[PDB]
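Beneath this line is the structure, given in structure tokens, with notes to follow.
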Protein chains: 2
Amino acid sequence: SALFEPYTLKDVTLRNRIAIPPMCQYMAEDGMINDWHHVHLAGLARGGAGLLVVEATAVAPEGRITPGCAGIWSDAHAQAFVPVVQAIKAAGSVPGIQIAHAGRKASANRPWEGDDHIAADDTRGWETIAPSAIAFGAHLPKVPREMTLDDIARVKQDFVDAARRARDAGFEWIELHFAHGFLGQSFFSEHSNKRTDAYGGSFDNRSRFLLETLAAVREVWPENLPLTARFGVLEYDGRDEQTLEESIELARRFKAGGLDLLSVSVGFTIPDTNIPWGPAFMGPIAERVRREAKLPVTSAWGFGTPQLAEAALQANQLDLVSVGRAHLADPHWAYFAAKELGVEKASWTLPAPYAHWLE
Amino acid sequence: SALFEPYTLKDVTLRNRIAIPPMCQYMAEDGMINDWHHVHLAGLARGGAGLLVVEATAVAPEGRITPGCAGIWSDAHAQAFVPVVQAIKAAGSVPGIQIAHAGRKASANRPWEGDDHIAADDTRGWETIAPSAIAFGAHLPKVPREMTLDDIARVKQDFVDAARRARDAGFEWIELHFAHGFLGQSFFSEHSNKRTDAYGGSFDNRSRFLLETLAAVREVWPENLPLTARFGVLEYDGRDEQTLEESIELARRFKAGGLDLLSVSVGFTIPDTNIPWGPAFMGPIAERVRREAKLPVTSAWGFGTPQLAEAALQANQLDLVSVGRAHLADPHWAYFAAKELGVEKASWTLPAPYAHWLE
Ligand SMILES: Cc1cc2nc3c(=O)[nH]c(=O)nc-3n(C[C@H](O)[C@H](O)[C@H](O)COP(=O)(O)O)c2cc1C
Ligand SMILES: Cc1cc2nc3c(=O)[nH]c(=O)nc-3n(C[C@H](O)[C@H](O)[C@H](O)COP(=O)(O)O)c2cc1C
Ligand SMILES: O=c1ccc2ccc(O)cc2o1
Ligand SMILES: O=c1ccc2ccc(O)cc2o1
Ligand SMILES: O=c1ccc2ccc(O)cc2o1
Ligand SMILES: O=c1ccc2ccc(O)cc2o1
């Protein structure tokens, strides 16, 4: 099975091509993770996936999506990850982390607590920042504050510090969150970036925050560990061919700047779109990026059945298959997949105290 | 659905009728549990089952099955359970524990490390104890040492101390392991008990160790928390009707002695048997015990599909359905079952960070 072939990137070898993508849990308190996360993550690692990427972890308090988001904006926050990292490694999975800044989509309620921008008089909320003072709209009506150059320098440094902390906590894989309408994506998109300085207008200027952040992170992140990013390569906003062309150009600049793998996603930059959700719908888009930027890729949003995952790999659309919601339903999804695909000794996807009995 | 109706026994209410029976993990070191157990158990609790019974936990070092078995023979061993108990409760499951003594089946290898009695010159092994100096045979050839009266008094006290420790660690449900050919079962069975003192010969004498241990435990275990036992009610050894009759009589004496629920199992006392393994095969036996001893029951060994579990409850064969191996395969089996049985808001079997996304 292609799904169960190992994958080596830099000095890291994943035992199979199943990646668990970042999935916010909304269970942290002032950014500090706890036993929710410990058990959740260690349990997923034991389920057999080759790579487990920890949820969007904010580089700064105001860059959380919600009051429940994880953070890594101080050394104490970073140290809270150490036992989790160690548990993931003990289970034979590779520990990764997505470092993030929610930009104009920050200061929101948890998804089961309204999913909308927090009210102005709620003591939990905070001012959001973005490239331009323009609201997302819909359920996220807050107008963010337009960043100064000093704010840009500060946020870049926060990404550097977060990467250094992730390194020192023992993570073996990092993902910069430049997708999903959050800060990085919003610098790239003309919908959200109306700046007239060096950080807006032209393709080079809109790319600048992302490329400078990647370069700054690269200074502290080890050369021998995968340096990756998530990026929304189209919006489904009626501008897809032009947007894809630019996104692929940016992916070439990421590759030239040391990016080892790109997690290909959708922008979610604005609400007025028509995303064609369906099984493996991102496969052709991911394949195009892979081919035209000559960069390894992963993607998600509908690959969570064993045959879809296998087919995407065999067609060289993806290098890793990210499987999200199926792992919330069943932490041992990799074992399920091994069985489905007829892998020999499928139960030994799991550790001995499970595998022995499930042969 | 019957499977998702709550159950109240003494002061404890289970959110549904799914019980996770004790399942040895073979991951402890000198009886001390660790992060293997913490994550395993907390993950199962979050999966939705109403009751989670911790694996056979030895009351004394020599009562472990293997060098990997959990123990509770000192206060330090007990204190290791405290954070696990707290995690199980945080997830809304009821924490139980099975306290045990392996008798002649002790000093064995882990099941994936030979499953047989440990060699005499292996520094890990130890002398086994039993009612009589008679080996199990087959892969367990060691002849145990015949217990003295003082040994009987000491082991009973070890069960008392274990129960007191379980209570003080915060467990809300206890199960005495009088099944599976281990020490208690072996006192009951004429195959293994050839004693000619007060603890062998007649039905009363063979029952005595079990009834005295139950009574001693009852002195320290709170009246308001379920006091349960597991007991093999037949062997499939050609003596089933006579054995079942005696087992049911003993179950009546357990009930009279304060037992709140009986986990009905098979004896496994000797190897030369013909157990008719199959789906729900224990249902009729459990039902007979339930009816003739007028005692709530659970059972296992083939109820691990949602329809089998539901059918057993609706037929009043069982009060709780114990589902073991299916939970090793999928820690979220209760969610799977809720979906299968068409329970409303089935995803909310799981906590919000999963449930919200799986609606
Ligand atoms: C609970 C939940 C939380 C998520 N949090 C993040 C996140 O932290 N960062 C991110 O880039 N994507 C996040 N996503 C998107 C997932 O990584 C993934 O792309 C999505 O679940 C689609 O894949 P699937 O169809 O296999 O579920 C999240 C999705 C879910 C369901
Ligand atoms: C891994 C494993 C370990 C077990 N350990 C114990 C134990 O500690 N005590 C016990 O009474 N039964 C033990 N059993 C028996 C289970 O509780 C249960 O009866 C058995 O798994 C049958 O139920 P199932 O068909 O749902 O798996 C164990 C079974 C398994 C698979
Ligand atoms: O998969 C594993 C195997 C062993 C193991 C052992 C200890 C522990 O804390 C975690 C573990 O994860
Ligand atoms: O579908 C989701 C749910 C939460 C979520 C949170 C962050 C993100 O980047 C993407 C997300 O997608
Ligand atoms: O099911 C739960 C819900 C919340 C929760 C919160 C913290 C924790 O440590 C464990 C938990 O288990
Ligand atoms: O099937 C099993 C495997 C291990 C095991 C261990 C203890 C016990 O009481 C019963 C058991 O049944």
Side-chain angles (χ1 to χ4, degrees), chain A residues 15 21-29 33-48 53 55-58 64-66 68-70 83-84 86-93 98 100-103 105-106 108 110-112 115 175 177-185 230-232 263 265-268 275 277 300-302 322 324-325 328 332 348-355, chain B residues 15 25-29 33-48 68 83-84 86-93 332 348-358:
Chain A
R15 64 189 165 198
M23 289 181 287
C24 283
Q25 298 295 288
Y26 312 91
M27 289 291 285
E29 295 174 20
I33 64 154
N34 54 57
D35 205 44
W36 175 265
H37 311 81
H38 183 89
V39 169
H40 166 72
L41 293 165
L44 283 169
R46 293 168 188 194
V53 184
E55 63 196 277
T57 295
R64 287 177 290 171
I65 309 163
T66 77
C69 290
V84 188
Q86 293 175 345
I88 294 168
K89 292 183 182 179
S93 193
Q98 187 190 59
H101 192 300
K105 303 185 128 179
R110 298 186 182 74
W112 52 92
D115 202 42
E175 184 180 291
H177 195 351
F178 292 163
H180 304 163
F182 296 132
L183 191 63
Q185 186 84 59
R230 199 167 206 178
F231 181 54
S263 180
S265 196
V266 179
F268 309 145
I275 300 165
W277 305 107
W301 311 102
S322 293
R325 285 168 298 138
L328 306 181
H332 293 182
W348 290 88
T349 302
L350 299 174
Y354 301 160
Chain B
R15 64 189 165 198
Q25 298 295 288
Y26 312 91
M27 289 291 285
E29 295 174 20
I33 64 154
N34 54 57
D35 205 44
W36 175 265
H37 311 81
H38 183 89
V39 169
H40 166 72
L41 293 165
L44 283 169
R46 293 168 188 194
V84 188
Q86 293 175 345
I88 294 168
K89 292 183 182 179
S93 193
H332 293 182
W348 290 88
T349 302
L350 299 174
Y354 301 160
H356 179 75
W357 308 106
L358 296 172

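Throughout, a chain's letter reflects where its sequence line sits, starting with A, and its residues are numbered from 1. Order of appearance sets the numbers: ligands from 1, and atoms from 1 within every ligand.
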Practice task
List every atom of ligand 5 that sits less than 4.0 Å from any heavy atom of B/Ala91, numbering the atoms from 1 in the order shown and giving each element.
Solution key: 1 (O), 2 (C), 12 (O)
Problem - Heavy-atom donor-acceptor pair, B/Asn34 side chain to B/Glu29 backbone, under 3.5 Å - result: no
Note every protein N or O atom lying under 3.5 Å from an N or O atom of ligand 4, pairing the names and giving the distance.
| unit_1 | atom_1 | unit_2 | atom_2 | d |
| --- | --- | --- | --- | --- |
| ligand 4 | 9 (O) | A/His177 | NE2 | 2.8 |
| ligand 4 | 9 (O) | A/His180 | ND1 | 2.6 |

Handout entry: B/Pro351 contact mode with ligand 5 (heavy-atom cut-off under 4.0 Å)
Key = side chain
Problem - Residue list, side chain to side chain donor-acceptor pair (under 3.5 Å) with A/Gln98, at least two apart or on another chain - result: A/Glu175
Handout entry: Under 3.5 Å donor-acceptor, B/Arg46 side chain and A/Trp36 backbone
Key = yes
Practice task
Identify, by atom number and element, the atoms of ligand 5 in contact range of A/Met27, meaning under 4.0 Å from any of its heavy atoms.
Solution key: 4 (C), 5 (C), 6 (C)
Exercise for the section: Kindly write out the residues that satisfy salt bridge (charged side-chain N to carboxylate O under 4.0 Å, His left out) with A/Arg110, not counting sequence neighbours, or none if the list is empty. Expected result: A/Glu113
Exercise for the section: Measure from the side-chain N and O atoms of A/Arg15 to the backbone N and O of A/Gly48, and report whether any donor-acceptor pair falls under 3.5 Å. Expected result: yes
Problem - Residues forming a ring pair (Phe, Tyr, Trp, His ring centres under 6.0 Å) with A/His101, sequence neighbours excluded - result: none
Problem - Any A/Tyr26 side-chain heavy atom under 4.5 Å of B/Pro353 side chain - result: no
Handout entry: Within-4.5 Å side-chain heavy-atom neighbours: B/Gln25 and B/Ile33
Key = no
Fill in the blank from the handout: For A/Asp35, the ligand 5 atoms with a heavy-atom partner under 4.0 Å come out as 9 (O)
